[PDB]
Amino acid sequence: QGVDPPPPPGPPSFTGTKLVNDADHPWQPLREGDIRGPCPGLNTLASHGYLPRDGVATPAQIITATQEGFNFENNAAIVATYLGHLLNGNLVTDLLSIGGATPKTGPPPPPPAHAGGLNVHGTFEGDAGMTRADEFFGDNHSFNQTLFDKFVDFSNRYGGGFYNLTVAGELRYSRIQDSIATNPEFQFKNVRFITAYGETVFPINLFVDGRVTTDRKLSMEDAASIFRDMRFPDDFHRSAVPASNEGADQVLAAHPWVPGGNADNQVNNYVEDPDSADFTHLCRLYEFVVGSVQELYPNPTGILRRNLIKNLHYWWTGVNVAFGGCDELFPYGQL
């Protein structure tokens, strides 16, 4: 009949490095029904049992897992998790798929809401990923070896055979160029414009072993292990400090870029969007997403309305800190 959703966990008591690839969290292969998706972080956490191994979890479980497994910073975890949950999760059962649709999220919500998981393209997941192809080409969730080959190439060319901040700057730009030239539906605005810069530094800040204090750089063996196999490196120790998107500013600065997309269903036709969120206009992302939620839930009434109000508030608590102050919106009023 429904669940009453708890407020998000706070930061972990212990915030130092530790062994995360340990006896209680062994890698195991997929069973029938297990779900995986476009996030190598959540994928690895599920395949090591930090999340439920079936790849369906509550917001709270996702937050505690990203913190325990990788030392993802609390506010960043809140901002990402409730974004994903509002758009792609089931607010009544409080379950989110980290991939595509599954009966495991429970009785479906009223359309146009879907609870179709992080695979759903267009508002959250989008284009110019590092190891995933654009949705226009048919698969936005599976690892793509050709794209990983380019990851390797750019690491060879700019990072001495390792992935570092310099490589991220170059790879991010080049992937944008690839999508401009080949994808007539290419979008790079709003949520995607913000997430696309952070995602390129997560491998440096979170996938590099926490015992490495200087000259942080990711080997291709470790990259492959996480991005392709959903497996922590042997003896992997998480970041020694809570972390997220440190260095994303520098990635943008290496090749300044403006939100927009290919217009009129044609390649090599990128038009700027001046209304999109960007890095000096972050609250636009908040307002946009709240708009998107209204489109999904145009007139909720019961347990659903209640859980929407709570999840929206939860998200705001993170957004407010992360974005440096945003006026909370109340599209369904108060409880």
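Numbers for residues come from their place in the sequence shown, where the first is 1.
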property: Given 270 to 278 and 54 to 62, the range whose Cα B-factors average higher in the PDB entry; result: 270 to 278
property: Which of 257 to 265 and 216 to 224 has higher mean CA B factor, as the PDB entry lists it; result: 257 to 265
property: Of the residues 187, 239, 131, 244, the one carrying the largest Cα B-factor as recorded; result: 187
property: Out of 71, 250, 81, 97, residue topping the C-alpha B-factor column of the entry; result: 250
property: Third of the chain, ranked by Cα B-factor, where residue 13 sits; result: highest
property: Within-chain third of residue 44 by Cα B-factor, per the entry; result: lowest
property: Where the record places residue 229 (Cα B-factor, split into thirds across the chain); result: lowest
property: Third assignment of residue 75 from its chain's C-alpha B-factors; result: middle
property: Residue 89 by Cα B-factor - lowest, middle or highest third of the modelled chain; result: lowest
